[PDB]
Structures are given as structure tokens and as C-alpha cells.
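Shown below is the structure under consideration.
Letters A, B, C and D mark the chains in the order given here, with residues in each chain numbered from 1 onward.
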Amino acid sequence: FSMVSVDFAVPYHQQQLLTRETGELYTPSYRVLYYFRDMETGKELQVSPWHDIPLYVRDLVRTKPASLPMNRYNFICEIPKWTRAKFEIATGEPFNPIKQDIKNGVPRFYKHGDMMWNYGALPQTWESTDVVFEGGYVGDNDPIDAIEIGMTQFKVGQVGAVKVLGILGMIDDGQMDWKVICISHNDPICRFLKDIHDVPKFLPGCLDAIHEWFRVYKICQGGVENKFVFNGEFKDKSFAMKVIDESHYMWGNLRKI
Amino acid sequence: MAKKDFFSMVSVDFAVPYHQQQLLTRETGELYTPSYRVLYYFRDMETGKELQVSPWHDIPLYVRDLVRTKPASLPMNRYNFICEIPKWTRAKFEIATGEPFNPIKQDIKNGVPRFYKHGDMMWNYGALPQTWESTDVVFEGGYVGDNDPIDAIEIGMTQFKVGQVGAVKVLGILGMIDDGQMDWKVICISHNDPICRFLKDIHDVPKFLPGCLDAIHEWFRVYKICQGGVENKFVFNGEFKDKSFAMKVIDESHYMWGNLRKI
Amino acid sequence: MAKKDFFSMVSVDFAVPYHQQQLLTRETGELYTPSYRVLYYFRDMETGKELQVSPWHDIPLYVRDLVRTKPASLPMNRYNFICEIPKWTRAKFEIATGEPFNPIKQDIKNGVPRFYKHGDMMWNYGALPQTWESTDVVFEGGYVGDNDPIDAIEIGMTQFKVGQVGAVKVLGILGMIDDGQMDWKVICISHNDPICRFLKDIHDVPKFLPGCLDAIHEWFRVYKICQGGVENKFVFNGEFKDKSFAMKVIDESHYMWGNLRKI
Amino acid sequence: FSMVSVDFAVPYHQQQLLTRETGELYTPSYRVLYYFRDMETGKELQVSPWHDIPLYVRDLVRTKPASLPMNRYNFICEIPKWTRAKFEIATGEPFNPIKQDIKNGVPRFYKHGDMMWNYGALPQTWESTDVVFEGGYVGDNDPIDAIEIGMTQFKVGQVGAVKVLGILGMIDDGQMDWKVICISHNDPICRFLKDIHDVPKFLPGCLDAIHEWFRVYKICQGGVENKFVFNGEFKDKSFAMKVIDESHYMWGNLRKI
């Protein structure tokens, strides 16, 4: 038996993402915490869903065609499909757990209707205010926002691999607020969706509905319609993956500080 | 002055050591002649550096990424599978357990390349890496191992190229006796197949792919008769054991493979 | 002389009477104004002749072809569904049970077209044709019917256009009380959805579309509060009954519809 | 309540196809018989899988887009996927039941290997010898042959709706022997397969393997390779649906006689 092998020692231990809840759901004390459980040792450590969860999903040895491009990102669901309690990552609290946003002293919920798709953020991203985006707007100092459009509803704070399909430039309170469009790698049609122009072929009405909702959800809370760069048009996954890297880079610098 | 920028950078600082490798395959020799070889290499995704590797010892048996985000309550079941004999074909290819870096080559009977006389292999047929069915171990019914990697039959609709590797979900196993030794046939399905997610365990195969398991039992039970030999014997009565049993057999196999290297 | 041409023409001579009809829809009026109408017609697939029809009385409740080739042992479950309120929208459209040929029109509150204040309808919402929930019948918990076609909520990923008709598989039912009367909400899924085949009965919805049934119960239970009213009441405790129960309710409904016409 | 409705009386009763077996499987007495069970009345009548089962699948009222073309044909499986006993419709026996073909006095089985796809015929079709096809070959006086390529294996004599995707002109003993390529309307990928050029995108190797098998299965039974019109090329579904109609027409005339 030839044993000639490239002694490529697998370093680190794989980690298992865990979440825990504390506080009373729908009240201001609710929090979803994240932890890593070493898969060899069993040791747990609290981690930050934002800084510590890989933006890029990778395994040790990639067996897919070197010619096939990569498109597997992690996605942190904040507002599950068919719900309206506005939850968010507490970028201010240690270990950035998920908390429900407070509008007054009262926990916030959308007045317009429900979030009809899983809504959240991509970890290890930062849309900086010191950067200027299309139409000359600056970032809103928050992780990049994502909308995963498959049939299955994620639990609050649930994380999973998605395939980026496109992006929408929404202006929010004077700043750039990209909404990345993506789909769970486990959804039945994930494979038939190659780029943003396929969303209407397989989920007719989905993109119009996403556009319309973000365009007007504030109006009924008193506000005004919202503005979009590119004409409320959805840019494709190439443009979207670029914005995400600019984003990952920006996150990298915030951490070097 | 509505700007509250207080961003906590508290994080568990986990350095991601190693560089991700990209599997690559290259061919040499003339297909269907005895010089044909499929060789495997790794390409450091950082440095671009390539090294030749062994599909048998260097491709992980378990597919794993750096941070698992699936429920900790969901048991793991994603193994790597190396295709040797593509679906719908009959040239017997194999991992060269004796040559350096165990490339894939065509099985030679005398000096003539082998092909199945009975018909074509109707499913992708191959092996699971980092496995070893040791002759020094006695299995069910008192048969020893056959000294080769574990055998696997992936049952999805799509056909793999020769030497193609992919993630599969293990569903069950068949204990066939081949020349006095134990020869497990692990039943799996590509994690990319449209029905992979509805196939939970071996008893679901009949529900979604009726005929499939009978046709696997049958082909393996008689494929040697036409070439002159006898039918083949099976443990458990030609029954397919479920994924739990199958995973234990695969664990045993990976353990033995581990010892094999240490010697 | 190897030609043996003896072709038996013995056959049961079943003449296929009627001509297949093609459903057609046409719109009139200005969308979102009270003049908007969606009208249905049939087009004889032979003669090309068109006739206006009623989406309510003329579209078959049961989808059936001339010779069923599915196992006689497999129970039938393919009903027609008329979409009134598309997935992700909020304009309340309805079948005009009072106008001739019952076209679809937008529901008018005073003289103003209606829209749901609470949010959008997140599933295609509509009715099953040839059904009638009679006021002269007392249902579970002693509530009478609401004098309209049965309500249906189709749960697939794809969104229907207003007034679009399609085959759906019935999976269960919810008994909501609406203004003292019984108001069934039949839960179904398009026969074209990728997971239609894995959804056997109402208890499978939670397994493949977790959240879905809770979100349906909730929206229907509170959608009226914001417009000033009260929460809504449910029979069976807001529980979703399975497809068998749901099919019996639909049969009863089709029977009553039959009487309705005879009068 | 407006009751104005187009009184379009539904005539005939729907029929349920039934099959029964007689004789000993794999011996010469095995036969699969067909019957219709009226769905109202319960009355059963023996029918012929060939003359009595609609070539076109139709329901009373078509609710699909009038713009969407029709492509739902019935398919009678004779040789199930992964098997080798050559069964066939007995075009000579009354009510054309399925019987196993007899090569000598011995029931026939393929020597080459198994039929790897469900193999059968389309009902109400006839490939006449008095007609001349591409390359100038005449028909082989039999129903049109079909290969349904989905993942699920049909039982012997099982009938189901398929979507025609293409066709292959195989020459057999001097005559034209079309092999229609199709897929069960229930297979998971049926919807992604639009035409013959999609078969390689979703089932790579399937068309080459189908070509190769029909090209050589006779060689080992002593014979020679087989010839194909069009260069062993698979024509698309438009050409295939045309051949099927010529076929249905021809069947119609055989019956007027």
C-alpha cells in the first residue's frame, strides 16, 4: 500500500455555533446570545454573531470544480419571515447579541404589516459612514442588510448559508442602506436561481413586493416614501458580491483600530 | 446630533490557521488503455501552490467547514465520495491502493482492461476516502475485511465523471461477501440531488425510488455469474441495514484506516 | 418473408363526447377603481367559440381528465382554486356573487375600494369554485354558514395573479368565526409547487414550512383589530383539522352549491 | 345571487384505468390486462392499452395559460427501469395486453445489460410501413417507442403522463424505429427540462448513454451495431411532437380500415 500522502495537518478544531435566550421575549430584556462549542474539547466560549461568524462559508478541502465560482455566505436572521417585531444585532453591547429594538421605551414592531422574507445581516461586514456610495451617499455605520427569499422561515437569530443573488440601494435617513438579496442554500429552488434576473422567472412578484415594502413601510409611521439609487433597480450578484467585499474590508479596518 | 456610534469590538479572537485547499484532478495515459491515470492535487487557495495528494488518504472522509451553523441537535451526515465507475458505464476503474498517491487507473484482468460483462453499473460506484476494511478484523458472520477502502454506491439522478468527488449523505448499507471476505456496499446520495432532503434513512428509498434497492441487491448478487462465477452471498440475509448501522461500519473503517497510517 | 402483420383492432369503442374548454380571463375598468372587473370565458378547443362563464359555477371544483391513469388505490386530491388576493398584496378583491357571471371586482367599503390595514395577505387567498357555505346549515359549535363560496389559502412559494385559477392539493382546514357565521379557511398548495409532493396532510406543514400555520392563524385572528374590531374566534380551538376533515367540509359545500342551483 | 352560467353539461363519466395480471411472470403465459372502471357506475370493461388510452392527456376545462403550449402525453411502460425482461404490447392479441416477448420458445431478456430507463410506447400511435421516413426508411408497423428518463421506475404496464422532450431516429432491421425521449410530469426536474438540449444540463451523460445502448445492444446477441438517421443526433421536441402526430394520424387510418 502506497502511503505517500501530503501531510497537511488539519489545525484548529471545528466549532459549533450555539445560541441561548435570556430575558422576556417582546420586552426590553430579551437577548439572543451566541457561543462556540469546540467539537473536540467540548469547551464553550461566548462569541459575537457579528465579528466571529465567518462571512464566507468554507470547508477545509473544496471538492467543487475549481472553475465553479464561490457564492456561500452566512446570514444572520434578525426578523423572521411573517413577523413584525423589529429585532437587531446590538452593535453596542459586548458580544453583539440580538435584542429587540426600542422605538420609545417601547419595543418596536412594524406598523405597515409583516416582514415577508427572512430579514437580517451578513456577519463581518460594515457599511461605513466615512465611505461614499452611489449617488454620493455615505454608509449608515451598520453591518450590511440582507433579505433571504426562500420558502422556509428562520428562527430569530438563526444563521445559515445563502447564495447572494443581487442587491438594492435603499436610501435611509440620508444614508446608503444596501439590502442584499439572497436565498438559503437549502431551499428547493436555490439551484435554479443563478442571478437577480431569475427571481422573477421563479418567484414572480417577489422583487416588486420587496421593492414596494421597503419603499413605503415608513409612510404609515408618519414618514415619507423612501428613495433608491439606480432607480429602485436590483443590481446583479456580481455588483452585490463587490459591495459585500468593500464591506468586509471596511469591517476589517474597524477592527484594526 | 442623532448619532450614537458606540460599536463594541469584544470578540473571541479565533485565528483561522490553515489555508483552504482546492481539489484538482489531472489525467494521463490513453483512456481505456492500461496507462490511463487520474491524479489528484491540492491547490492552496491563498498561495496558489499545488501538491500532489492521495485521493485515499488526503481527501477528508467527513465534510466539515470551520464553524457549523446547523442546529447542534441535527446529527452530522455529509461524507466525501470518490466516483470510480460512473452511472451507466461498465469500465472497472479503481483507486490504485499500491501506486504512489493512489491515482485512479483501470482494473486490468490479465493485460487486458476490465469491463463488466453483465451490464453497466447503474449508479455512481466508488469508495469513501480514509477508510480501510482490514483483513485483520472479523465482521458480521465471521468474515474478514478485504483490505480496501469502503465501497459506496451513490444513488442520485446525476452522473459523476470518473474520479469526481462530492458530498453525499449516508443512508444504509449492504453486506456482500466477495471471495470469502466482507465487502460493504454503503448506500448514499449526493447532497445536491433534488430528493436528498426527503431521504431520511434506508427505508425511504423504496418510497421515493421504488425498485432501486432491489435492483442494487440483484446486480451485486449476480453480476459475476455471467463471467463464469457463482451468485454472491450476503450477510443479514441480503437486507439493507439503516444509516445508523452504516455509520458505525464507516467509523470502524476510518479508525482502522488511522492505524494503517501509523504503521 | 419474416413479416407477421396481424394487428388486432378489438377495442372498447368509447366516444369522447364534449370538447375541451380553455379558460380565458379579460379585464375591464381601471385597476383599483370601483369599475375594475375580471371576467371569465371558455373557448371551445375545437370550434374556437367563446362564451362568458361564471368562475363560481362553471369552473369544476374537482380537476379531472378523461381517463385517470394514477393507481385506483391513490385517493384523489386535485381541486381548482381561484386566486382573489395575490400573495404579498392587500387589495381585497372578491368574486361578485351578485353580478351576472360573477366576475372579480374589488371590495368596496363605502364608495372607497378596500385594502387590508393590518398588512398584506402573505399567501394567495381565494375561493374554491362550485362551493357554497349555506346560512341554512349549522356547523361545528352551532354557527351557520356565511353564504359565500369556501375560502382557501394556497401556501406555495409562487404568487398567483388576480383571478388566476390553478390545481391545488387540499391539506387541512381552519374554522374561523367571522361575524357570527362559520367561515372555513381551507389550507391547500399548488400541484406545481416544488414541495407539493412531500406535503401529505396538515401535520406536514410545520415540518416543511415551519411558522406557516402559526402565521396563518395569527393573521386571521387579529387582522380586524387594527381596523377597530375585535380578535376573531375559532372552532376546535384555533386548531387546523386535517385533509380528511377538510375534504368532507368541501363535499358538504359542493352538495349545497348543487342545491343552490336547482332552486 | 346571479346564477347566470353557461350550461355546459359534462357528458361521459370519467374512467379509471385498471390492470390485472394472469399467467406466470417470466414464463410465456404472463399477461397484463387493462380495464376501465366507470367512476360513477362502477362498471368495468376490458380495454386496449393501445387503442383505448388517450395519447393526449386532457381534462374537461383547461385552466393553464392559453398561451402555454400543450405537452402531456400518456406513456405505457413495457420494460421498467433497471430490468431486462423484454415485454411488449401484443398488437396481435385481442385487447392488446402486455406479454413477454418470445425469442425462440424461450422468453426473451437483454443480453447486453439492463434497460436503464423506463422503456415503452405511446398509445394511439402507429409507425406505418407504408410511410417513408427520413433517410428513406419505412415504418416498422408498431406503436411509437418511448424512453421516459426520470428517476422513478414504473411497474410493468404502468401508464403515466410525460412531457415529450425530443426524439432519436434508430434504424432497426432496415426500418425506421423512432425512440421518443420524454419525462414523467411527476419527476422533480420535469419543469426545468424545456427541450432536448436541457437533458445534458440536468442529466449529463443520459443522452450519450441512451444513444450508445441502442447503438450496440444487438452486437453481443451476435448482430451488428445499429444505424441512426440525423447522425445519431437527438431532434428537439417540436420535431418529436410532429412525428408523434403523423403517428397518431396513421393510427387513426389503421382503425378506419
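Criterion: contacts are C-beta pairs under 8 Å (C-beta built on N, C-alpha and C of every residue); 3 or more make two chains touch, one makes a residue touch a chain.
Ranking A-B and A-C by contacting C-beta pairs places A-B first. Once the centre of each chain is set as its mean CA position, chain B and chain C turn out to be 48 Å apart.
Averaged C-alpha coordinates give centres for chain A and chain C that are 36 Å from one another. Multi-chain contact residues, meaning those touching two or more other chains, occur in chain D at positions 188. Taken chain by chain, the contacts form a single closed ring in which each chain touches exactly two others. Listed by chain label, the pairs that touch are A-B, A-C, B-D, C-D. Those residues of chain C whose C-beta lies close enough to touch chain D in the complex are 4-12, 14-18, 20-24, 42-43, 45, 51-54, 57-60, 63-70, 72, 80, 96-102, 165-167, 192, 194, 197, 260-261. Interface residues of chain A, counted against chain C in their complex, comprise 80-84, 112-114, 116, 150-153, 188-189, 202-206, 209.
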